[PDB]
file coords-v3.cif (mmCIF, N, CA and C atoms)
data_query
loop_
_atom_site.label_atom_id
_atom_site.label_comp_id
_atom_site.auth_asym_id
_atom_site.auth_seq_id
_atom_site.Cartn_x
_atom_site.Cartn_y
_atom_site.Cartn_z
N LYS A 535 11.50 -6.88 23.11
CA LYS A 535 12.25 -5.94 22.29
C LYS A 535 13.72 -5.92 22.70
N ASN A 536 14.55 -5.49 21.76
CA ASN A 536 15.99 -5.35 21.97
C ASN A 536 16.64 -6.68 22.36
N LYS A 537 16.18 -7.77 21.75
CA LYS A 537 16.67 -9.10 22.08
C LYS A 537 16.60 -9.99 20.84
N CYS A 538 17.62 -10.82 20.67
CA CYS A 538 17.62 -11.80 19.59
C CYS A 538 16.64 -12.92 19.93
N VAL A 539 15.59 -13.06 19.13
CA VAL A 539 14.52 -14.00 19.41
C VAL A 539 13.90 -14.45 18.09
N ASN A 540 13.27 -15.62 18.13
CA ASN A 540 12.48 -16.11 17.02
C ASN A 540 11.09 -15.49 17.08
N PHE A 541 10.46 -15.35 15.91
CA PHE A 541 9.15 -14.73 15.85
C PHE A 541 8.38 -15.27 14.65
N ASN A 542 7.06 -15.13 14.73
CA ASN A 542 6.15 -15.47 13.63
C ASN A 542 5.07 -14.39 13.62
N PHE A 543 5.30 -13.34 12.83
CA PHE A 543 4.37 -12.22 12.74
C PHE A 543 3.39 -12.50 11.61
N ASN A 544 2.39 -13.32 11.93
CA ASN A 544 1.34 -13.67 10.97
C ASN A 544 1.92 -14.37 9.75
N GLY A 545 2.94 -15.20 9.99
CA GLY A 545 3.65 -15.89 8.94
C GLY A 545 4.99 -15.28 8.58
N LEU A 546 5.30 -14.08 9.07
CA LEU A 546 6.58 -13.43 8.80
C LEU A 546 7.64 -14.00 9.74
N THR A 547 8.05 -15.23 9.43
CA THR A 547 9.07 -15.90 10.22
C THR A 547 10.40 -15.16 10.09
N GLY A 548 11.31 -15.46 11.00
CA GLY A 548 12.62 -14.84 11.02
C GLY A 548 13.21 -14.89 12.41
N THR A 549 14.29 -14.13 12.59
CA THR A 549 14.99 -14.07 13.86
C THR A 549 15.90 -12.86 13.86
N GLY A 550 15.81 -12.04 14.90
CA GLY A 550 16.63 -10.85 14.97
C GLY A 550 16.16 -9.93 16.08
N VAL A 551 16.71 -8.71 16.05
CA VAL A 551 16.43 -7.70 17.06
C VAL A 551 15.17 -6.93 16.68
N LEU A 552 14.10 -7.13 17.44
CA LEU A 552 12.90 -6.33 17.29
C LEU A 552 13.02 -5.10 18.18
N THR A 553 12.82 -3.92 17.59
CA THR A 553 12.82 -2.68 18.35
C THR A 553 11.93 -1.68 17.63
N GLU A 554 11.60 -0.61 18.34
CA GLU A 554 10.66 0.39 17.83
C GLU A 554 11.18 1.03 16.55
N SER A 555 10.27 1.28 15.62
CA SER A 555 10.61 1.87 14.33
C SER A 555 10.47 3.38 14.39
N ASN A 556 11.57 4.08 14.12
CA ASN A 556 11.57 5.53 13.99
C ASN A 556 11.44 5.97 12.53
N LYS A 557 10.80 5.15 11.70
CA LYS A 557 10.68 5.40 10.27
C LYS A 557 9.21 5.55 9.90
N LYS A 558 8.97 6.34 8.86
CA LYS A 558 7.62 6.57 8.38
C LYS A 558 7.07 5.31 7.72
N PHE A 559 5.84 5.39 7.24
CA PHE A 559 5.13 4.23 6.73
C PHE A 559 3.83 4.69 6.10
N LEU A 560 3.31 3.87 5.19
CA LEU A 560 2.02 4.15 4.59
C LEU A 560 0.90 3.64 5.49
N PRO A 561 -0.33 4.14 5.30
CA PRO A 561 -1.45 3.57 6.08
C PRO A 561 -1.70 2.11 5.77
N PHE A 562 -1.54 1.72 4.51
CA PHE A 562 -1.77 0.36 4.06
C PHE A 562 -0.51 -0.50 4.09
N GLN A 563 0.62 0.05 4.51
CA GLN A 563 1.83 -0.75 4.66
C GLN A 563 1.60 -1.86 5.67
N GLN A 564 2.19 -3.02 5.40
CA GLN A 564 2.22 -4.14 6.33
C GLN A 564 3.62 -4.45 6.84
N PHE A 565 4.66 -4.04 6.13
CA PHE A 565 6.04 -4.23 6.57
C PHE A 565 6.94 -3.43 5.64
N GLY A 566 8.25 -3.50 5.91
CA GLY A 566 9.24 -2.84 5.09
C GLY A 566 10.28 -3.83 4.62
N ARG A 567 11.21 -3.33 3.82
CA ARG A 567 12.27 -4.15 3.25
C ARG A 567 13.49 -3.30 2.95
N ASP A 568 14.63 -3.98 2.83
CA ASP A 568 15.91 -3.36 2.55
C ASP A 568 16.25 -3.55 1.07
N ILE A 569 17.46 -3.14 0.68
CA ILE A 569 17.91 -3.35 -0.69
C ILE A 569 18.00 -4.83 -1.05
N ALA A 570 18.16 -5.70 -0.05
CA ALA A 570 18.35 -7.13 -0.26
C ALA A 570 17.04 -7.91 -0.30
N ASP A 571 15.90 -7.23 -0.41
CA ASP A 571 14.59 -7.87 -0.39
C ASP A 571 14.38 -8.70 0.88
N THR A 572 14.99 -8.26 1.98
CA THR A 572 14.89 -8.93 3.27
C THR A 572 13.92 -8.16 4.16
N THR A 573 13.18 -8.90 4.99
CA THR A 573 12.20 -8.28 5.88
C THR A 573 12.90 -7.40 6.90
N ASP A 574 12.80 -6.08 6.72
CA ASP A 574 13.48 -5.13 7.59
C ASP A 574 12.61 -4.65 8.75
N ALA A 575 11.29 -4.79 8.65
CA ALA A 575 10.40 -4.39 9.72
C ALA A 575 9.09 -5.15 9.56
N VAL A 576 8.14 -4.87 10.46
CA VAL A 576 6.86 -5.58 10.45
C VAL A 576 5.84 -4.83 11.30
N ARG A 577 4.57 -4.99 10.97
CA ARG A 577 3.46 -4.48 11.77
C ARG A 577 2.79 -5.64 12.49
N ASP A 578 2.56 -5.47 13.79
CA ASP A 578 1.91 -6.52 14.56
C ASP A 578 0.44 -6.61 14.16
N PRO A 579 -0.12 -7.81 13.99
CA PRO A 579 -1.53 -7.89 13.56
C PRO A 579 -2.52 -7.45 14.62
N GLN A 580 -2.11 -7.36 15.89
CA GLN A 580 -3.01 -6.98 16.98
C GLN A 580 -2.83 -5.55 17.44
N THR A 581 -1.63 -4.98 17.28
CA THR A 581 -1.35 -3.60 17.67
C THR A 581 -0.48 -3.00 16.58
N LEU A 582 -1.11 -2.27 15.66
CA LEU A 582 -0.47 -1.90 14.40
C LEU A 582 0.63 -0.87 14.67
N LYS B 195 -7.84 -1.27 -12.17
CA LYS B 195 -7.39 -2.47 -12.84
C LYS B 195 -7.85 -3.68 -12.06
N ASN B 196 -7.94 -4.82 -12.75
CA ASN B 196 -8.44 -6.07 -12.19
C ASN B 196 -7.42 -7.17 -12.51
N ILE B 197 -6.63 -7.55 -11.51
CA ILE B 197 -5.56 -8.53 -11.66
C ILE B 197 -5.94 -9.75 -10.84
N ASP B 198 -6.23 -10.86 -11.53
CA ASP B 198 -6.59 -12.13 -10.89
C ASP B 198 -7.80 -11.95 -9.98
N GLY B 199 -8.76 -11.14 -10.43
CA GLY B 199 -9.94 -10.84 -9.66
C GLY B 199 -9.78 -9.75 -8.63
N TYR B 200 -8.56 -9.41 -8.25
CA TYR B 200 -8.31 -8.38 -7.25
C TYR B 200 -8.43 -7.01 -7.92
N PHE B 201 -9.63 -6.45 -7.88
CA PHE B 201 -9.87 -5.13 -8.46
C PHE B 201 -9.24 -4.07 -7.56
N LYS B 202 -8.16 -3.46 -8.04
CA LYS B 202 -7.39 -2.50 -7.26
C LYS B 202 -7.76 -1.08 -7.67
N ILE B 203 -7.75 -0.18 -6.70
CA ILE B 203 -8.13 1.21 -6.90
C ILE B 203 -7.13 2.08 -6.16
N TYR B 204 -6.34 2.84 -6.91
CA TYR B 204 -5.42 3.83 -6.36
C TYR B 204 -6.01 5.21 -6.59
N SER B 205 -5.59 6.17 -5.76
CA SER B 205 -6.21 7.49 -5.80
C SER B 205 -5.32 8.49 -5.09
N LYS B 206 -5.67 9.76 -5.25
CA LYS B 206 -5.03 10.87 -4.56
C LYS B 206 -5.84 12.13 -4.83
N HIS B 207 -5.84 13.03 -3.85
CA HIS B 207 -6.48 14.34 -3.96
C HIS B 207 -5.50 15.40 -3.50
N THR B 208 -5.35 16.45 -4.31
CA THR B 208 -4.39 17.51 -4.04
C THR B 208 -4.92 18.81 -4.61
N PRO B 209 -4.57 19.96 -4.04
CA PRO B 209 -4.90 21.23 -4.69
C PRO B 209 -3.99 21.51 -5.87
N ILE B 210 -4.50 22.30 -6.81
CA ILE B 210 -3.78 22.66 -8.02
C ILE B 210 -4.20 24.06 -8.44
N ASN B 211 -3.52 24.59 -9.45
CA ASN B 211 -3.87 25.84 -10.11
C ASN B 211 -3.77 25.66 -11.62
N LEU B 212 -4.38 24.58 -12.11
CA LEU B 212 -4.25 24.20 -13.50
C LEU B 212 -4.85 25.25 -14.42
N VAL B 213 -4.05 25.70 -15.39
CA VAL B 213 -4.50 26.64 -16.42
C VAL B 213 -4.27 26.00 -17.79
N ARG B 214 -4.38 24.67 -17.84
CA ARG B 214 -4.08 23.90 -19.04
C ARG B 214 -4.97 22.66 -19.05
N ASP B 215 -4.81 21.84 -20.09
CA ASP B 215 -5.46 20.54 -20.13
C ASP B 215 -5.10 19.71 -18.90
N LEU B 216 -3.81 19.42 -18.74
CA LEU B 216 -3.30 18.61 -17.65
C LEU B 216 -2.11 19.30 -17.01
N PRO B 217 -1.80 18.98 -15.75
CA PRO B 217 -0.75 19.71 -15.03
C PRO B 217 0.63 19.08 -15.22
N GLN B 218 1.62 19.74 -14.62
CA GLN B 218 3.01 19.30 -14.60
C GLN B 218 3.37 18.86 -13.19
N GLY B 219 4.65 18.55 -12.99
CA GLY B 219 5.14 18.14 -11.69
C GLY B 219 5.14 16.63 -11.52
N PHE B 220 4.99 16.16 -10.29
CA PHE B 220 5.00 14.73 -10.02
C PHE B 220 4.23 14.43 -8.75
N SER B 221 3.46 13.34 -8.79
CA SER B 221 2.76 12.84 -7.61
C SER B 221 2.21 11.46 -7.94
N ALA B 222 2.38 10.52 -7.01
CA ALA B 222 1.95 9.15 -7.19
C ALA B 222 0.63 8.91 -6.48
N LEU B 223 -0.11 7.92 -6.96
CA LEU B 223 -1.43 7.59 -6.43
C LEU B 223 -1.32 6.43 -5.46
N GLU B 224 -1.72 6.66 -4.22
CA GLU B 224 -1.66 5.64 -3.19
C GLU B 224 -2.81 4.65 -3.35
N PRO B 225 -2.67 3.42 -2.85
CA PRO B 225 -3.78 2.47 -2.95
C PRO B 225 -4.87 2.80 -1.94
N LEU B 226 -6.09 2.39 -2.28
CA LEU B 226 -7.27 2.68 -1.48
C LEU B 226 -7.98 1.43 -1.00
N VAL B 227 -8.27 0.48 -1.89
CA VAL B 227 -8.96 -0.75 -1.52
C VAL B 227 -8.41 -1.91 -2.35
N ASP B 228 -8.97 -3.10 -2.13
CA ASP B 228 -8.56 -4.29 -2.88
C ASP B 228 -9.71 -5.30 -2.76
N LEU B 229 -10.29 -5.66 -3.90
CA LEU B 229 -11.53 -6.44 -3.94
C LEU B 229 -11.35 -7.69 -4.79
N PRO B 230 -11.24 -8.91 -4.21
CA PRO B 230 -11.14 -10.11 -5.05
C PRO B 230 -12.48 -10.51 -5.65
N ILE B 231 -12.81 -9.93 -6.80
CA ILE B 231 -14.13 -10.10 -7.40
C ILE B 231 -14.11 -11.25 -8.40
N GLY B 232 -13.31 -11.11 -9.46
CA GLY B 232 -13.16 -12.19 -10.42
C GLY B 232 -14.21 -12.22 -11.52
N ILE B 233 -14.31 -11.14 -12.29
CA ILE B 233 -15.25 -11.05 -13.41
C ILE B 233 -14.49 -10.62 -14.66
N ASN B 234 -15.20 -10.64 -15.79
CA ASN B 234 -14.67 -10.20 -17.08
C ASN B 234 -15.24 -8.83 -17.40
N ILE B 235 -14.37 -7.83 -17.51
CA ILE B 235 -14.75 -6.45 -17.81
C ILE B 235 -14.13 -6.07 -19.14
N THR B 236 -14.89 -5.32 -19.95
CA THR B 236 -14.42 -4.86 -21.25
C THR B 236 -14.74 -3.40 -21.54
N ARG B 237 -15.51 -2.72 -20.69
CA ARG B 237 -15.84 -1.32 -20.91
C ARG B 237 -16.46 -0.77 -19.64
N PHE B 238 -16.44 0.56 -19.52
CA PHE B 238 -16.92 1.23 -18.32
C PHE B 238 -17.55 2.56 -18.72
N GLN B 239 -18.05 3.28 -17.71
CA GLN B 239 -18.76 4.53 -17.93
C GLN B 239 -18.64 5.39 -16.67
N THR B 240 -19.05 6.65 -16.80
CA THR B 240 -18.96 7.63 -15.73
C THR B 240 -20.32 8.25 -15.45
N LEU B 241 -20.50 8.71 -14.21
CA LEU B 241 -21.73 9.33 -13.74
C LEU B 241 -21.47 10.78 -13.34
N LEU B 242 -22.56 11.54 -13.24
CA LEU B 242 -22.49 12.97 -12.96
C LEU B 242 -23.71 13.39 -12.15
N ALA B 243 -23.53 14.45 -11.35
CA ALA B 243 -24.62 15.04 -10.59
C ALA B 243 -25.34 16.08 -11.44
#
call {"tool": "encode", "arguments": {"input": "coords-v3.cif", "output": "structure tokens"}}
result
Amino acid sequence: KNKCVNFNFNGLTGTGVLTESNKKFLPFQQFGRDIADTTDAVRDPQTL
Amino acid sequence: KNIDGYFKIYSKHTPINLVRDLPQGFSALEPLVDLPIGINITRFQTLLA
């Protein structure tokens, strides 16, 4: 966390700062997005 | 609804004080399940206790 790194979250490729989310979410949500349709967050498949 | 076999079911439960046919206000139905079945449906029915 808090580091620029590559990642593959069950196919959710990308690169950026992973840190804890202080934002709400649905029970069935798998990730979030911004106005730019860019992956803004993600749920880990092993620790939701 | 059944989209490409994925039979989707949204739902919600809330208290009300309805004194009419249907209520006012606003509330959206969250998803519940998702079933890739893949059949042809043209009519349905309801059950009662």
call {"tool": "resolve_selection", "arguments": {"input": "coords-v3.cif", "expression": "the PyMOL selection byres ((chain B and name CA) within 12 of (chain A and name CA))", "output": "ChimeraX atom specification"}}
result
/B:204,224-228
call {"tool": "write_last_selection", "arguments": {"input": "coords-v3.cif", "atoms": "N, CA and C atoms", "output": "PDB file, in the frame of the given file"}}
result
ATOM      1  N   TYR B 204      -6.340   2.840  -6.910  1.00  0.00           N
ATOM      2  CA  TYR B 204      -5.420   3.830  -6.360  1.00  0.00           C
ATOM      3  C   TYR B 204      -6.010   5.210  -6.590  1.00  0.00           C
ATOM      4  N   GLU B 224      -1.720   6.660  -4.220  1.00  0.00           N
ATOM      5  CA  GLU B 224      -1.660   5.640  -3.190  1.00  0.00           C
ATOM      6  C   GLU B 224      -2.810   4.650  -3.350  1.00  0.00           C
ATOM      7  N   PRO B 225      -2.670   3.420  -2.850  1.00  0.00           N
ATOM      8  CA  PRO B 225      -3.780   2.470  -2.950  1.00  0.00           C
ATOM      9  C   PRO B 225      -4.870   2.800  -1.940  1.00  0.00           C
ATOM     10  N   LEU B 226      -6.090   2.390  -2.280  1.00  0.00           N
ATOM     11  CA  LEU B 226      -7.270   2.680  -1.480  1.00  0.00           C
ATOM     12  C   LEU B 226      -7.980   1.430  -1.000  1.00  0.00           C
ATOM     13  N   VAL B 227      -8.270   0.480  -1.890  1.00  0.00           N
ATOM     14  CA  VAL B 227      -8.960  -0.750  -1.520  1.00  0.00           C
ATOM     15  C   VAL B 227      -8.410  -1.910  -2.350  1.00  0.00           C
ATOM     16  N   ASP B 228      -8.970  -3.100  -2.130  1.00  0.00           N
ATOM     17  CA  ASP B 228      -8.560  -4.290  -2.880  1.00  0.00           C
ATOM     18  C   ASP B 228      -9.710  -5.300  -2.760  1.00  0.00           C
TER      19      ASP B 228
END
call {"tool": "residues_around", "arguments": {"input": "coords-v3.cif", "residues": "region 551-559 of chain A", "least_positions_apart": "6", "cutoff": "6 Å", "atoms": "all atoms listed in the file", "output": "JSON, numbers by chain"}}
result
{"A": [535, 536, 537, 538, 539]}
call {"tool": "residues_around", "arguments": {"input": "coords-v3.cif", "residues": "region 573-576 of chain A", "least_positions_apart": "5", "cutoff": "8 Å", "atoms": "all atoms listed in the file", "output": "list in words"}}
result
residues 543, 555, 563, 564, 565, 566, 567, 568 and 582 of chain A
call {"tool": "atom_distance", "arguments": {"input": "coords-v3.cif", "atom1": "atom N of residue 229 (chain B)", "atom2": "atom N of residue 205 (chain B)"}}
result
12.9 Å
call {"tool": "atom_distance", "arguments": {"input": "coords-v3.cif", "atom1": "CA of residue 237 (chain B)", "atom2": "CA of residue 218 (chain B)"}}
result
28.6 Å
call {"tool": "closest_residue", "arguments": {"input": "coords-v3.cif", "among": "B:206, B:199, B:216, B:211", "to": "residue 231 (chain B)", "atoms": "all atoms listed in the file"}}
result
B:199
call {"tool": "atom_distance", "arguments": {"input": "coords-v3.cif", "atom1": "CA of residue 220 (chain B)", "atom2": "CA of residue 198 (chain B)"}}
result
29.3 Å
call {"tool": "select_by_dssp", "arguments": {"input": "coords-v3.cif", "residues": "chain A", "states": "strand (DSSP E)", "output": "PyMOL selection string"}}
result
chain A and resi 538-543+546-551
